[PDB]
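Peer 1: What follows is a structure written as structure tokens; I'll ask about it next.
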Amino acid sequence: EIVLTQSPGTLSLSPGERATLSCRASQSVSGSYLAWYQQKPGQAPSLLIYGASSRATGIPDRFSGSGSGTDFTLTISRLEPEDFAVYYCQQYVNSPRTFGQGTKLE
Amino acid sequence: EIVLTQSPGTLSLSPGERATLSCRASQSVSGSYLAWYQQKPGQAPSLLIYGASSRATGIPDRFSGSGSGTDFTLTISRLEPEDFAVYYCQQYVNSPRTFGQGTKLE
Amino acid sequence: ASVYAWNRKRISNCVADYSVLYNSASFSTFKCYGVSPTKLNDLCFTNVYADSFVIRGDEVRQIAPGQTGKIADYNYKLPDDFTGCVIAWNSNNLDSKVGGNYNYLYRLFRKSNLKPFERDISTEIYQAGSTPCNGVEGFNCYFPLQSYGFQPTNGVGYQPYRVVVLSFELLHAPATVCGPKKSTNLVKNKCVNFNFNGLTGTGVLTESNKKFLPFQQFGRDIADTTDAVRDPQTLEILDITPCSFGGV
Amino acid sequence: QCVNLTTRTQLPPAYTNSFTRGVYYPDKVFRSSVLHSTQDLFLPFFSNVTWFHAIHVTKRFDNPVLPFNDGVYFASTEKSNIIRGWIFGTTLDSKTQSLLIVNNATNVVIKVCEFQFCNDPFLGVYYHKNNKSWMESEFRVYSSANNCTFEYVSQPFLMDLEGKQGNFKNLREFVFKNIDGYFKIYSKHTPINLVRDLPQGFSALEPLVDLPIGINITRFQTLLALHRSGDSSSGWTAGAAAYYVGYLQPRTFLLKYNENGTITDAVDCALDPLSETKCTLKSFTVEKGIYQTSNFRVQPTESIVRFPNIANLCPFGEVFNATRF
Amino acid sequence: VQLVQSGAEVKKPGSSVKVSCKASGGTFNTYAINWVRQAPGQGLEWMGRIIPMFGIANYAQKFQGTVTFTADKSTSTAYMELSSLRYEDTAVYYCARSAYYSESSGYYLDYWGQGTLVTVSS
Amino acid sequence: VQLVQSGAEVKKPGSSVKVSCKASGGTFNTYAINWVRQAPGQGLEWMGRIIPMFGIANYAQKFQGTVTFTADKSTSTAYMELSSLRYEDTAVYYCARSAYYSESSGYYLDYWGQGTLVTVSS
Ligand SMILES: *[C@@H]1O[C@H](CO)[C@@H](O[C@@H]2O[C@H](CO)[C@@H](O)[C@H](O)[C@H]2NC(C)=O)[C@H](O)[C@H]1NC(C)=O
Ligand SMILES: *[C@@H]1O[C@H](CO)[C@@H](O)[C@H](O)[C@H]1NC(C)=O
Ligand SMILES: *[C@@H]1O[C@H](CO)[C@@H](O)[C@H](O)[C@H]1NC(C)=O
Ligand SMILES: *[C@@H]1O[C@H](CO)[C@@H](O)[C@H](O)[C@H]1NC(C)=O
Ligand SMILES: *[C@@H]1O[C@H](CO)[C@@H](O)[C@H](O)[C@H]1NC(C)=O
Ligand SMILES: *[C@@H]1O[C@H](CO)[C@@H](O)[C@H](O)[C@H]1NC(C)=O
């Protein structure tokens, strides 16, 4: 188990520009293994970024993950009204995977 | 090196309302690299408008430049009794930062 | 040092200690190439280069072999065959100052991409237009360097990372730089397999009255076999004799 | 950079006889009260070594070109340590890795750091007259550092640098070898009481350092310090000193090691028949009698190839020079 | 590519249930299947993974002894068995693919099923 | 923020003078210093710039060889040296800021010193 703490707990107040979302872990993420999940309301999550900065398909490059050590970044160039869904952090270190609490929960 | 010719040489006759203080250059100012100044009598010049229309710290919003190409305007909403200082032009388009002659010299 | 003025120090003619860097693990980034970070740096090198320069967190991956970026092509280029360690760590308390610290510069633009381990301290005004710069700051002519501007309250991606690039050459025969060493306690009057300076043998070790010269490690008597050996850790000379054997 | 070599008289090179010197430990092995025969690059007994005398007394400052074939024996007879260093390399023009040995007034610097050295074989010590203090004031090292593979600087110390008057009192002996990518420098110090000679007797050159360079070396140089009793194309004073240069050849030597472990005496296996008899009997004392020593054979002067017979004539010309093609 | 799962289970407390996540062709071949408990109004909890090809299922400490993962190599369908409905067991059970291969090293959930919500009733 | 300069130079013709514009803390760090000759009753004549950090000074064609720019990194003070007092050299020498860095792309004069007037006498 890895205790992840998403710092911006509530960013669903329809913001603008870039809303950096954070995640921190008790022991540094090994081999920059983390993921971000869309978790659209009423639906199941979709992979936004894998590793630290590698880009997944079906998602534009307006999300530019920027993490190392305590991998902590999801950066949307322009906040989208549809894309206000809560984003989850899943570590891929050897200890059993524990998602984060979430960062855009109304 | 680019020269500059301020057209209204003498507007220190205590006027009012809008002004049309101008500057023109032999080769067009590139990328709005112009700077207006405020040489109060007995004192050093103070920056007035940089770029084309940008606002300086402290300067009233009333001062403005509606220029492009051969940048040529210093619109002021209302000639103040105190604000009759000679206003100076400058070009920094890869030249030895030449200045104009002045426009409100008594 | 700043990245453009990448400072190089030569680690020469000394036993190197990499275990202390491994056990401390105070370096958020610990990527070693050619030599693995998993206890493989305890090796001998003819030349160890240490280079320090302070970068922003977001581009500390760029300075890895065969990678491209602004810092990679204009400030510090790593050879594609790098067999060293790129070690990085946060210096936000030390290297960020209130209102920003502008002491660290970087070459945003340059005429050409930088060659491996090549420096440029030139302040020549970069050309971007037909008009010659003439050494003036204006349109299409911009100062090649810029300030990072690390701020105390900023993201770690926008916070300084001190990087101490270690360039190893991996030659074990020549080896000025002695590697880190294990320690095995002396054992006497026992038939033991001893490995002294790579020499493997079987025999007992006993107190030796022989006086070796300072430059001599092991001694050979008549018929060219090892008789006495001086261990290097505590400069003690021990007599090697075979343990008891014979027919039945 | 280059140097101020001016008003130096040209005199033919001098050769001097080296008497039972140039002996070093072949390996790091301790041997006590035993005769050991070993084949290695050695300086022959009663050999010929090139003698350079850069003595102020013109002044015959000695800085010539000297090749590096297989190893160099360098003995320095001095009274004020005029000698400073040496430069090993192949091209001298910054296009190939070289070596640099410099012992300045405070440290010892041995660096494989390519520099500009057309000759760079001079050093400058300024002797002040208002106060008595000899300090190195001029150092010619490089116009531009093209490449660098190695650097080593010793701990700072102090040196005399004053020029005493009298006979020579110090002898510094060096052997430089380069095999299997290893550069070995062996050194020794010995007090002496002569005016001009190479001292006799026996002295074993113990190892000092092993440079890990692994570059090709086919030339070498000699750096010396001048006292004024950077200066460019100007008058100087050489200062009393001498140094002998000899080349090492692959020879078999029989060495006697005493109970102390140091080398006591050595003989050659190719100098004279008595020494080869000692080599083949593995003893420094031989008894009366006749011993089969070696084999004598004459080396064929040249190789005749008379095996082809009278040559026939393939009529290629009939084809090439034909009237109609 | 498509992982249609079960709908909704009218399971009275203490009554067992089995899920039916359906893998598309070639899903089981090179990808493991992960199940994640999403308790209504909470975060995603990783229950475990089932490696279909080699029939390997490993669980977290929390769910050990309370959950069973099974998958059918023929018909390419993923199943999860709940031992009994404890009061806190009500959650929308998801299913997702993982690149468990050593060379790939992705180990990430790429695509997800719609979800299976268990409750005391409907 | 404050660039207090020297006052007035009683320099007999042909006698050199050095100016003393004083930069406030952090001025030299990210900003170059510019000098503009203002002969009494004319326009502003840009003399040149001092880049303090890298010690780079470039002058216009007119003033080349007649004026020397120096700045002291310690004590944060800007200096201008006049080779000799030519008869037309009498002017109030000013000192001014500039965002010389590329990202700032300012190159204009933010704040100015009071002025240093040289003359045959007082
Ligand atoms: C002898 O050479 C050494 C090696 O170059 C000199 O030591 C360096 O001197 C420079 C100049 O003072 C310093 O910047 C370096 O930091 C010194 N290096 C070390 C490791 O101390 C030494 O000064 C020279 N001595 C003389 C008398 O010239
Ligand atoms: C000295 O060396 C030369 C050639 O280098 C050789 O001909 C001569 O025999 C040697 N010995 C003497 C005594 O000159
Ligand atoms: C004293 O000697 C030193 C040399 O060590 C020299 O630098 C110095 O100038 C001398 N003193 C005077 C007053 O000349
Ligand atoms: C270094 O050596 C190379 C050859 O190995 C040569 O081409 C070059 O001129 C030298 N100097 C520099 C600065 O690279
Ligand atoms: C040194 O010589 C060897 C053998 O000729 C060769 O392999 C090597 O290229 C040389 N090193 C150079 C030219 O730097
Ligand atoms: C070693 O040399 C000393 C003289 O320095 C001598 O007294 C001693 O006997 C020698 N060593 C041995 C072990 O005999």
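Peer 1: Can you pull out every residue in the range A:63-106 that is of a type in the set (A, V, I, L, M) and closer than 14 Å to residue A:26 by Cα?
Peer 2: A:93
Peer 1: Go through (1) exposed (fewer than 13 other Cβ atoms within 10 Å of the Cβ); (2) within 16 Å of ligand 4 (Cβ to nearest atom) and name the single condition residue D:128 misses.
Peer 2: Of the numbered conditions (1) exposed (fewer than 13 other Cβ atoms within 10 Å of the Cβ); (2) within 16 Å of ligand 4 (Cβ to nearest atom), the odd one out for residue D:128 is (2).
Peer 1: Give the residues of the range C:165-195 that are over 27 Å from the mean Cα position of the chain (by Cα) and either surrounded by 13 or more Cβ atoms within 10 Å (Cβ to Cβ) or hydroxyl-bearing (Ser, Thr, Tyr) (or both), sorted by residue number. Can you show your working first?
Peer 2: Pass one, the range C:165-195, residues over 27 Å from the mean Cα position of the chain (by Cα): C:185-195.
Of everything in the range C:165-195, those that are over 27 Å from the mean Cα position of the chain (by Cα) and either surrounded by 13 or more Cβ atoms within 10 Å (Cβ to Cβ) or hydroxyl-bearing (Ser, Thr, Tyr) (or both) turn out to be C:191, C:192, C:194.
Peer 1: On the given criteria, is residue D:91 within 16 Å of ligand 5 (Cβ to nearest atom) and loosely packed, with under 15 Cβ neighbours inside 10 Å?
Peer 2: Details: within 16 Å of ligand 5 (Cβ to nearest atom): yes; loosely packed, with under 15 Cβ neighbours inside 10 Å: yes.
Against the criterion (within 16 Å of ligand 5 (Cβ to nearest atom) and loosely packed, with under 15 Cβ neighbours inside 10 Å), residue D:91 qualifies.
Peer 1: Moving on. Tell me which of these residue D:141 doesn't satisfy, since it passes every other one: (1) within 14 Å of chain C (Cβ to nearest Cβ); (2) within 12 Å of ligand 1 (Cβ to nearest atom); (3) surrounded by fewer than 18 Cβ atoms within 10 Å (Cβ to Cβ).
Peer 2: The number of the failed condition is (1).
Peer 1: Here's a follow-up. Out of D:290, D:217, D:213, which single residue is outside any strand (DSSP E or B), away from ligand 6 (no atom under 16 Å from the Cβ) and more than 20 Å from the chain's Cα centre (by Cα)?
Peer 2: Details: D:217 fails: more than 20 Å from the chain's Cα centre (by Cα); D:213 fails: more than 20 Å from the chain's Cα centre (by Cα).
Within the list D:290, D:217, D:213, the selection yields D:290.
Peer 1: As an exercise: evaluate residue E:102 against (1) more than 11 Å from chain A (Cβ to nearest Cβ); (2) in contact with an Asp or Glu (Cβ under 8 Å, 6 or more places away or on another chain) and give the number of the one condition it does not meet.
Peer 2: The one condition residue E:102 does not meet is (2).
Peer 1: Looking at residue C:49 and the list (1) outside any strand (DSSP E or B); (2) within 14 Å of chain D (Cβ to nearest Cβ), which single condition is not satisfied?
Peer 2: (1)
Listed here are the residues, each with its yes/no results for (1) over 23 Å from residue C:20 (Cβ atoms); (2) more than 14 Å from chain D (Cβ to nearest Cβ).
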position: C:162; (1), (2): no, yes
position: C:177; (1), (2): no, no
position: C:182; (1), (2): no, yes
position: C:186; (1), (2): yes, yes
position: C:191; (1), (2): yes, yes
position: C:197; (1), (2): yes, no
position: C:201; (1), (2): yes, yes
position: C:206; (1), (2): yes, yes
position: C:211; (1), (2): yes, no
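Rundown of residues vs (1) over 20 Å from the mean Cα position of the chain (by Cα); (2) within 16 Å of ligand 2 (Cβ to nearest atom), yes/no style:
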{"position": "D:199", "(1), (2)": "no, no"}
{"position": "D:224", "(1), (2)": "no, no"}
{"position": "D:244", "(1), (2)": "no, yes"}
{"position": "D:256", "(1), (2)": "yes, no"}
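Peer 1: So which residues in the range B:2-36 are within 14 Å of chain F (Cβ to nearest Cβ) and on the phi > 0 side of the Ramachandran plot?
Peer 2: Within the range B:2-36, B:31, B:32 meet the criteria.
Peer 1: Provide a single number: the residues in the range C:149-184 that are among the β-branched types (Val, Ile, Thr), within 28 Å of residue D:184 (Cβ to Cβ) and in a loop (DSSP other than H, G, I, E, B).
Peer 2: 1
Peer 1: Let me ask something else about it. Would it be correct to say that residue C:112 is surrounded by 15 or more Cβ atoms within 10 Å (Cβ to Cβ) and of a type outside the set (A, V, I, L, M)?
Peer 2: No.
Peer 1: Okay, moving on. Tally time: how many residues in the range C:138-168 are in contact with a helix residue (DSSP H, G or I) (Cβ under 7 Å, 6 or more places away or on another chain) and more than 21 Å from residue A:68 (Cα to Cα)?
Peer 2: The total comes to 2.
Peer 1: Tell me, which residue of the range C:1-21 that is buried (at least 17 other Cβ atoms within 10 Å of the Cβ) and either farther than 24 Å from residue D:148 by Cβ or of a type in the set (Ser, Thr, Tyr) (or both) is farthest from the other protein chains (Cβ to nearest Cβ)?
Peer 2: C:18
Peer 1: Can you spot a residue in the range C:78-93 that is part of a helix (DSSP H, G or I) and touching a strand residue (DSSP E or B) at 6+ places or on another chain (Cβ under 9 Å)? Explain how you work it out, then say what you get.
Peer 2: Just the residues of the range C:78-93 that are part of a helix (DSSP H, G or I), to begin with: C:92-93.
In the following step, the residues that additionally are touching a strand residue (DSSP E or B) at 6+ places or on another chain (Cβ under 9 Å) were identified as C:92.
Yes - at least one qualifying residue is present in the range C:78-93.
Peer 1: Of the residues that sit in the range D:37-76 and are of a type in the set (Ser, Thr, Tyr) and out of contact with any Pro (no Cβ under 7 Å at 6 or more places or on another chain), which one is farthest from ligand 3 (Cβ to nearest atom)? Give the steps one after another, and end with the answer.
Peer 2: Initial filter on the range D:37-76 (of a type in the set (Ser, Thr, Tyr)): D:37-38, D:47, D:50, D:58, D:73, D:76.
Restricting the remaining residues to those that are out of contact with any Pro (no Cβ under 7 Å at 6 or more places or on another chain) gives D:37, D:47, D:58, D:73, D:76.
Working: D:37: 53, D:47: 42, D:58: 28, D:73: 35, D:76: 25 Å.
So the residue we want is D:37.
Peer 1: How many of the residues making up the range A:25-55 are crowded, with 17+ Cβ neighbours inside 10 Å, not in a strand (DSSP E or B) and not polar (S, T, N, Q)?
Peer 2: The number of residues fulfilling the criteria is 5.
Peer 1: Return the only residue of D:239, D:261, D:201 being closer than 29 Å to residue D:88 by Cα and assigned to a loop (DSSP other than H, G, I, E, B).
Peer 2: D:239
Peer 1: Can you pull out every residue in the range C:128-138 that is closer than 20 Å to residue C:107 by Cβ and in a loop (DSSP other than H, G, I, E, B)?
Peer 2: Residues of the range C:128-138 closer than 20 Å to residue C:107 by Cβ: C:128-129, C:133, C:135-138.
The answer is C:128, C:129, C:133, C:135, C:136, C:137.
Peer 1: For the range E:28-54, what are the residues that are β-branched (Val, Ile, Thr) and surrounded by fewer than 20 Cβ atoms within 10 Å (Cβ to Cβ)?
Peer 2: Of everything in the range E:28-54, those that are β-branched (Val, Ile, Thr) and surrounded by fewer than 20 Cβ atoms within 10 Å (Cβ to Cβ) turn out to be E:30, E:51.
Peer 1: Within the range D:94-138, take every residue that is within 16 Å of ligand 5 (Cβ to nearest atom) and within 20 Å of residue D:174 (Cβ to Cβ) and give me the one that is farthest from the other protein chains (Cβ to nearest Cβ).
Peer 2: If we take residues in the range D:94-138 being within 16 Å of ligand 5 (Cβ to nearest atom) and within 20 Å of residue D:174 (Cβ to Cβ), then D:98 is farthest from the other protein chains (Cβ to nearest Cβ).
Peer 1: Inside the range D:86-131, counting only strands (runs of 3 or more DSSP E) that do not spill past its ends, which hold 3 or more residues that are touching a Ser or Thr at 6+ places or on another chain (Cβ under 9 Å) and within 16 Å of ligand 1 (Cβ to nearest atom)?
Peer 2: In the range D:86-131, the matching strands (runs of 3 or more DSSP E) lie at D:108-110, D:122-127.
Peer 1: Among the residues of the range C:59-69 satisfying the criterion of being within 19 Å of residue A:64 (Cα to Cα) and in contact with a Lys or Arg (Cβ under 8 Å, 6 or more places away or on another chain), which is surrounded by the fewest Cβ atoms within 10 Å (Cβ to Cβ)?
Peer 2: Filtering first and then ranking leaves C:67.
Peer 1: List every residue pair whose Cβ atoms lie under 9 Å apart, where the two residues are 6 or more positions apart in sequence or sit on different chains, the first residue falls within the range D:138-154 and is within 16 Å of ligand 3 (Cβ to nearest atom), and the second residue, located anywhere, is outside any strand (DSSP E or B) and among the polar types (S, T, N, Q).
Peer 2: Matching pairs, first to second residue: D:139/D:104.
Peer 1: Kindly indicate whether residue E:32 is more than 10 Å from the chain's Cα centre (by Cα), within 26 Å of residue A:31 (Cα to Cα) and within 14 Å of another protein chain (Cβ to nearest Cβ).
Peer 2: Answer is yes for this residue.
Peer 1: Those residues that are assigned to a loop (DSSP other than H, G, I, E, B) and farther than 11 Å from residue E:44 by Cα, I need them from the range A:88-106; list them, please.
Peer 2: Residues satisfying the conditions are A:91, A:92, A:93, A:94, A:95, A:96, A:103, A:105, A:106.
Peer 1: Tell me the strands (runs of 3 or more DSSP E) entirely within the range F:5-122 that contain at least 1 residues that are of a type in the set (S, T, N, Q) and more than 19 Å from residue B:36 (Cα to Cα). Before the answer, list the steps.
Peer 2: Numbers: elements: F:8-10, F:33-38, F:45-51, F:56-59, F:67-72, F:77-82, F:92-96, F:116-119.
So the answer is F:56-59, F:67-72, F:77-82, F:116-119.
Cβ atoms come from the backbone with ideal geometry, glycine included; neighbour counts cover every protein chain shown. No value in this document is a laboratory result; all are computed from the given coordinates.
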